[PDB]
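Engineer: Coordinates in protein21.cif, mmCIF, C-alpha atoms, are listed below.
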```cif
data_data
#
loop_
_atom_site.label_atom_id
_atom_site.label_comp_id
_atom_site.auth_asym_id
_atom_site.auth_seq_id
_atom_site.Cartn_x
_atom_site.Cartn_y
_atom_site.Cartn_z
CA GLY A 1 -54.16 -43.15 -31.20
CA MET A 2 -52.00 -40.05 -30.91
CA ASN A 3 -50.12 -39.97 -34.26
CA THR A 4 -52.40 -38.23 -36.83
CA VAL A 5 -50.63 -34.85 -36.40
CA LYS A 6 -50.27 -32.17 -39.10
CA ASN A 7 -50.56 -29.04 -36.91
CA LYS A 8 -49.27 -27.31 -33.80
CA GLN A 9 -52.24 -28.29 -31.61
CA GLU A 10 -51.77 -32.04 -32.21
CA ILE A 11 -48.00 -31.65 -31.44
CA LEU A 12 -48.38 -29.50 -28.28
CA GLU A 13 -50.76 -32.04 -26.72
CA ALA A 14 -48.03 -34.70 -27.09
CA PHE A 15 -45.37 -32.48 -25.48
CA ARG A 16 -47.36 -32.18 -22.24
CA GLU A 17 -48.43 -35.84 -22.36
CA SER A 18 -44.71 -36.63 -21.91
CA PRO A 19 -43.35 -36.27 -18.35
CA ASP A 20 -39.73 -35.97 -19.47
CA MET A 21 -40.33 -33.30 -22.18
CA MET A 22 -42.31 -31.41 -19.48
CA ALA A 23 -39.55 -31.88 -16.84
CA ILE A 24 -36.88 -30.26 -19.03
CA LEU A 25 -39.25 -27.24 -19.37
CA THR A 26 -40.28 -26.94 -15.66
CA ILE A 27 -36.57 -26.86 -14.66
CA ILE A 28 -35.44 -24.12 -17.18
CA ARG A 29 -38.46 -22.05 -16.00
CA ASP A 30 -37.29 -21.97 -12.32
CA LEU A 31 -33.64 -21.45 -13.34
CA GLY A 32 -34.10 -17.70 -12.88
CA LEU A 33 -31.91 -17.00 -15.93
CA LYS A 34 -32.82 -13.89 -17.94
CA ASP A 35 -34.11 -14.01 -21.49
CA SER A 36 -33.37 -17.75 -21.85
CA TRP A 37 -35.81 -20.35 -23.12
CA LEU A 38 -35.83 -23.71 -24.92
CA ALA A 39 -35.38 -23.05 -28.66
CA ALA A 40 -34.03 -24.70 -31.81
CA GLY A 41 -33.34 -28.45 -32.06
CA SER A 42 -34.33 -29.21 -28.45
CA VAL A 43 -37.96 -28.23 -29.03
CA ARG A 44 -37.84 -29.53 -32.69
CA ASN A 45 -36.84 -33.02 -31.53
CA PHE A 46 -40.29 -33.67 -29.93
CA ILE A 47 -41.93 -32.39 -33.19
CA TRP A 48 -39.92 -34.05 -36.02
CA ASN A 49 -39.82 -37.50 -34.31
CA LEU A 50 -43.60 -37.12 -33.67
CA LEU A 51 -44.20 -37.06 -37.47
CA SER A 52 -41.66 -39.81 -38.28
CA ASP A 53 -42.89 -42.55 -35.83
CA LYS A 54 -39.60 -42.10 -33.89
CA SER A 55 -39.00 -41.37 -30.18
CA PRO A 56 -39.88 -37.69 -29.53
CA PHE A 57 -39.58 -38.43 -25.79
CA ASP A 58 -36.15 -39.97 -25.48
CA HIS A 59 -34.71 -37.01 -23.42
CA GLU A 60 -31.26 -38.24 -24.62
CA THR A 61 -30.57 -35.60 -27.30
CA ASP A 62 -29.01 -32.10 -26.99
CA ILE A 63 -30.96 -29.37 -25.18
CA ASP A 64 -30.42 -25.88 -26.69
CA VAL A 65 -30.79 -23.36 -23.82
CA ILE A 66 -29.63 -20.00 -25.13
CA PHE A 67 -29.80 -16.79 -23.08
CA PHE A 68 -28.86 -13.05 -23.16
CA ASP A 69 -27.06 -11.69 -20.07
CA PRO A 70 -24.43 -9.05 -20.88
CA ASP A 71 -24.03 -8.58 -17.07
CA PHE A 72 -23.08 -12.29 -16.55
CA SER A 73 -19.39 -13.12 -16.89
CA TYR A 74 -17.95 -14.98 -19.89
CA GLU A 75 -16.37 -17.60 -17.64
CA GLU A 76 -19.35 -18.04 -15.25
CA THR A 77 -21.39 -19.02 -18.33
CA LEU A 78 -19.13 -22.10 -18.83
CA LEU A 79 -19.12 -22.76 -15.05
CA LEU A 80 -22.93 -22.73 -14.88
CA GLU A 81 -23.05 -25.13 -17.88
CA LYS A 82 -21.13 -27.80 -15.92
CA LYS A 83 -23.54 -27.25 -12.96
CA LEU A 84 -26.53 -27.98 -15.22
CA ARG A 85 -24.94 -31.27 -16.43
CA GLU A 86 -23.59 -32.32 -13.00
CA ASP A 87 -26.90 -31.86 -11.15
CA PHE A 88 -28.84 -33.47 -14.02
CA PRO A 89 -26.61 -35.80 -16.14
CA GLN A 90 -29.78 -37.35 -17.70
CA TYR A 91 -30.15 -34.31 -20.04
CA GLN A 92 -27.79 -32.48 -22.40
CA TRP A 93 -28.19 -28.80 -21.42
CA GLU A 94 -26.28 -26.65 -24.01
CA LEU A 95 -25.89 -23.30 -22.16
CA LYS A 96 -24.77 -20.60 -24.64
CA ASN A 97 -24.79 -16.86 -23.86
CA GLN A 98 -25.54 -15.08 -27.18
CA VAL A 99 -23.96 -11.76 -25.97
CA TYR A 100 -20.44 -13.07 -26.58
CA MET A 101 -21.55 -14.43 -29.99
CA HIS A 102 -19.19 -12.23 -32.04
CA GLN A 103 -16.14 -14.55 -32.15
CA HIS A 104 -17.62 -18.01 -32.95
CA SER A 105 -19.39 -16.84 -36.18
CA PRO A 106 -18.85 -14.34 -39.07
CA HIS A 107 -20.80 -11.01 -39.19
CA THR A 108 -23.06 -11.56 -36.18
CA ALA A 109 -23.40 -8.35 -34.12
CA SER A 110 -25.38 -8.46 -30.87
CA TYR A 111 -29.06 -9.45 -30.99
CA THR A 112 -32.00 -7.42 -29.65
CA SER A 113 -33.59 -10.49 -27.93
CA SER A 114 -33.78 -14.36 -27.94
CA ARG A 115 -36.50 -14.25 -30.66
CA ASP A 116 -34.11 -12.09 -32.85
CA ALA A 117 -31.24 -14.51 -32.18
CA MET A 118 -33.72 -17.19 -33.36
CA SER A 119 -34.41 -15.57 -36.80
CA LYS A 120 -30.56 -15.55 -37.28
CA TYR A 121 -29.94 -19.33 -36.77
CA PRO A 122 -28.32 -21.37 -39.61
CA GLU A 123 -31.72 -22.77 -40.80
CA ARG A 124 -35.41 -21.65 -40.85
CA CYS A 125 -36.59 -24.88 -39.19
CA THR A 126 -34.02 -24.14 -36.41
CA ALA A 127 -35.46 -20.65 -35.76
CA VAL A 128 -38.21 -21.87 -33.38
CA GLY A 129 -39.02 -21.76 -29.60
CA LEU A 130 -41.06 -23.61 -26.92
CA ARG A 131 -41.51 -22.79 -23.19
CA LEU A 132 -44.17 -22.23 -20.50
CA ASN A 133 -45.49 -18.73 -19.78
CA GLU A 134 -46.99 -17.12 -16.66
CA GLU A 135 -50.23 -19.09 -17.37
CA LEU A 136 -48.29 -22.39 -17.80
CA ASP A 137 -49.24 -22.56 -21.54
CA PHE A 138 -47.10 -23.41 -24.61
CA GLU A 139 -45.38 -20.22 -25.79
CA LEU A 140 -44.44 -20.91 -29.46
CA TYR A 141 -42.39 -18.87 -31.99
CA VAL A 142 -42.21 -19.75 -35.74
CA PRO A 143 -40.71 -16.70 -37.59
CA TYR A 144 -40.91 -18.54 -40.97
CA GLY A 145 -44.15 -20.50 -40.33
CA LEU A 146 -44.97 -23.92 -38.88
CA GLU A 147 -44.87 -25.60 -42.30
CA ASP A 148 -41.02 -25.52 -42.42
CA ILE A 149 -41.06 -28.07 -39.57
CA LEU A 150 -44.13 -30.11 -40.73
CA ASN A 151 -42.64 -30.63 -44.21
CA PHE A 152 -39.18 -31.29 -42.62
CA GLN A 153 -37.50 -28.51 -44.61
CA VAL A 154 -33.87 -27.43 -44.04
CA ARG A 155 -33.42 -24.01 -45.76
CA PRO A 156 -31.31 -21.02 -44.58
CA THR A 157 -33.05 -17.85 -43.35
CA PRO A 158 -33.05 -14.69 -45.47
CA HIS A 159 -30.63 -13.22 -42.81
CA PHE A 160 -28.00 -15.67 -44.12
CA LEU A 161 -28.24 -15.31 -47.94
CA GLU A 162 -27.55 -11.54 -47.53
CA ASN A 163 -23.91 -12.32 -46.59
CA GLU A 164 -21.73 -14.96 -48.25
CA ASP A 165 -19.63 -15.47 -45.08
CA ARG A 166 -22.80 -16.50 -43.23
CA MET A 167 -23.59 -18.97 -46.04
CA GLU A 168 -20.08 -20.51 -45.64
CA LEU A 169 -20.86 -21.20 -41.93
CA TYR A 170 -24.11 -22.96 -42.97
CA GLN A 171 -22.66 -25.16 -45.75
CA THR A 172 -19.68 -26.31 -43.68
CA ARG A 173 -22.04 -27.16 -40.79
CA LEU A 174 -24.47 -29.02 -43.15
CA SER A 175 -22.57 -32.16 -44.24
CA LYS A 176 -21.50 -33.46 -40.75
CA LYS A 177 -25.18 -33.28 -39.57
CA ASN A 178 -26.89 -36.68 -39.49
CA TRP A 179 -30.24 -35.04 -40.57
CA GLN A 180 -31.56 -37.37 -43.33
CA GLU A 181 -29.68 -40.18 -41.49
CA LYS A 182 -32.09 -39.95 -38.51
CA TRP A 183 -35.16 -38.97 -40.57
CA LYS A 184 -36.04 -40.71 -43.90
CA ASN A 185 -38.22 -37.71 -44.99
CA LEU A 186 -35.82 -34.77 -44.25
CA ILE A 187 -35.75 -32.19 -47.14
CA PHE A 188 -32.58 -30.16 -47.82
CA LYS A 189 -32.62 -26.70 -49.51
CA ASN A 190 -30.30 -23.70 -50.10
CA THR A 191 -33.27 -21.29 -50.54
#
```
Could you render the structure as structure tokens?
Structural biologist:
Amino acid sequence: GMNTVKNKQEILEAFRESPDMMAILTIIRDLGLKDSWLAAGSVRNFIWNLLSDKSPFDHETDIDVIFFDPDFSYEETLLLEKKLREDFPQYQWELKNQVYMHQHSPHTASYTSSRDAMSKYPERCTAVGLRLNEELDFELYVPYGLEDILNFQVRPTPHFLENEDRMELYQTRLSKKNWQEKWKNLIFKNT
């Protein structure tokens, strides 16, 4: 049955059909963090595997949970990360405050919001979001279009090619990624 997916609708139905993919969402909702949501590879995992006859629902891959809280302490960010993983070892909560993201990258001044931080990820297919809203829907964000994910493309954003130092961060962080190694139809690009 559920397999013949080429579009958002057919993917989003499968997300909610999974208890575990839902669970990870319902928890980050109640977390009371500001400006956070599930974005990048976490959300992508249930979408790429879906189209590759893999396990979209394994819950045993990394869980990108960015946020923006300039009022929350640098250290408390790392403290809260351990609390996520202690209380719930079964998931791989990656808690990263994007405020302090000036030191771990080249020319990356502070973002306006989580969606802006998204359009400034190392790849276009990475610049994507999924969470619930006030109606308990699927909020989606695809700043480059859905097709980058459906065709399994790995290209940099235009925000990267503008600055050679940002390209050097991408290229270095390409080779050690087991992309094509997990997915036998994963396209690589530089543009």
Engineer: Apply the PyMOL selection byres ((chain A and resi 35) around 8) to the file shown and report the selected residues as a list in words.
Structural biologist: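 That selection, the PyMOL selection byres ((chain A and resi 35) around 8), comes back as residues 33, 34, 36, 37, 67, 68, 69, 113 and 114 of chain A.
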Engineer: What do you get, as a VMD selection string, if you spell out every residue that the PyMOL selection byres ((chain A and resi 138) around 10) selects here?
Structural biologist: chain A and resid 9 12 to 13 15 to 16 129 to 133 135 to 137 139 to 141
Engineer: Calculate how many Å separate atom CA of residue 172 of chain A from atom CA of residue 61 of chain A, rounding to one decimal.
Structural biologist: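 These atoms are spaced 21.8 Å apart.
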Engineer: Would you mind listing what lies within 10 Å of residue 167 of chain A as a PDB file with C-alpha atoms, in the coordinates of the input, with all atoms listed in the file counted and same-chain residues fewer than 6 positions away left out?
Structural biologist:
```pdb
ATOM      1  CA  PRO A 106     -18.850 -14.340 -39.070  1.00  0.00           C
ATOM      2  CA  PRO A 122     -28.320 -21.370 -39.610  1.00  0.00           C
ATOM      3  CA  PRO A 156     -31.310 -21.020 -44.580  1.00  0.00           C
ATOM      4  CA  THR A 157     -33.050 -17.850 -43.350  1.00  0.00           C
ATOM      5  CA  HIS A 159     -30.630 -13.220 -42.810  1.00  0.00           C
ATOM      6  CA  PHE A 160     -28.000 -15.670 -44.120  1.00  0.00           C
ATOM      7  CA  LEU A 161     -28.240 -15.310 -47.940  1.00  0.00           C
ATOM      8  CA  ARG A 173     -22.040 -27.160 -40.790  1.00  0.00           C
ATOM      9  CA  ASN A 190     -30.300 -23.700 -50.100  1.00  0.00           C
TER      10      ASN A 190
END
```
Engineer: May I have the residues within 7 Å of residue 47 of chain A as a count of residues only, using all atoms listed in the file and disregarding those fewer than 4 positions away in the same chain?
Structural biologist: 3
Engineer: Residues near residue 144 of chain A, anyone? I mean within 8 Å using all atoms listed in the file, not counting same-chain ones fewer than 6 positions away, as a PyMOL selection string.
Structural biologist: chain A and resi 124-125+127
Engineer: Between atom CA of residue 3 of chain A and atom CA of residue 134 of chain A, what is the spacing in Å?
Structural biologist: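 These two atoms are separated by 29.0 Å.
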Engineer: Which is closest to residue 105 of chain A among A:88, A:121, A:72, A:48, if we use only C-alpha atoms?
Structural biologist: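 Among the listed residues, the smallest separation from residue 105 of chain A belongs to A:121.
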Engineer: Could you work out how far atom CA of residue 49 of chain A lies from atom CA of residue 146 of chain A, giving the answer in Å with one decimal?
Structural biologist: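 The value is 15.2 Å.
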Engineer: Taking the file as shown, what set of residues would the PyMOL selection byres ((chain A and resi 57) around 10) give back, as a count of residues only?
Structural biologist: 20
